[PDB]
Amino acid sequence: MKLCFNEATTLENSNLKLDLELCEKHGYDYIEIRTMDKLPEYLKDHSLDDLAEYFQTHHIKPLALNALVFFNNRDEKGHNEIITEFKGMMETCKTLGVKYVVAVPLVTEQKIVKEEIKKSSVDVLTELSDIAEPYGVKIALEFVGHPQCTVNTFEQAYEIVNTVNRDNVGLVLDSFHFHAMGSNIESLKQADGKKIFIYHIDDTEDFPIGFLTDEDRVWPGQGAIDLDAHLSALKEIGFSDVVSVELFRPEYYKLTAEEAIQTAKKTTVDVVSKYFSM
């Protein structure tokens, strides 16, 4: 299983240029690039070709672009924003050789029946799939374990992906999100491992579901998530391609970029290697 770094982990104490240097130095195989801040920032004094050249000349590679944000249940205008951004991301993936694009469900206070959220998510993901085919890029749906996220549990997200039924549409299994709204481990055990594109590892303080937010995450193994169950299930269903460490804890932004990157690696490797050869 390959090791990947998610820039959220050093959101406030690093930048893409530094993340690349340190992740490369510390044996990471992949990095997930943030499109809403890290990449634009990097592009202020670098070109996409510079970045493409970097990947061509170093071990580390770009696993995915992070977040086509709020793709489902949008009005005409919002849908336009989503499609326009995804089309733009396709060009970026092509230039940098990126394999995945993570998609995040709509977060809203509006109550929408599940069948409406499903129909919209399936229709939009199918449209994104159609767009991605000529680029060979795959879409990874990351359900978010938040009470205001329209798709917040594993089974709901899996049902959507299975209904889309496209080889280039899968899931991002994030341990925190799985735990955050109480997804059932049995649902994961019965899932097709091939539909899991990316595994985001993390952990969390033991607050009840509904109260949990991303700032509550802590390093893998230092929290209350039954990671043993998650890892055992992933192994059982055949997933084993990659694990990316994603944290949003303010506390860790107080560390240097390197301390965070090295700690993210050690905690992740020490937990995951008990189930997978890395």
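All residue numbers are counted from 1 along the displayed sequence.
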{"property": "Mean C-alpha temperature factor, higher of 150-158 and 90-98", "result": "90-98"}
{"property": "Of 25-33 and 41-49, the one with larger mean CA B-factor", "result": "41-49"}
{"property": "Residue of maximum C-alpha B factor among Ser129, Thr204, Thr84, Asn184, per deposited coordinates", "result": "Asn184"}
{"property": "From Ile225, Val69, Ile237, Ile209, residue of greatest CA B-factor", "result": "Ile237"}
{"property": "Where the record places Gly170 (Cα B-factor, split into thirds across the chain)", "result": "lowest"}
{"property": "Within-chain third of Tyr54 by Cα B-factor, per the entry", "result": "highest"}
{"property": "CA B-factor ranking of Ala191, expressed as a third of its chain", "result": "highest"}
{"property": "Third of chain Cα B-factors occupied by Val269", "result": "highest"}
{"property": "CA B-factor placement of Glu116, once the chain's modelled residues are sorted into thirds", "result": "middle"}
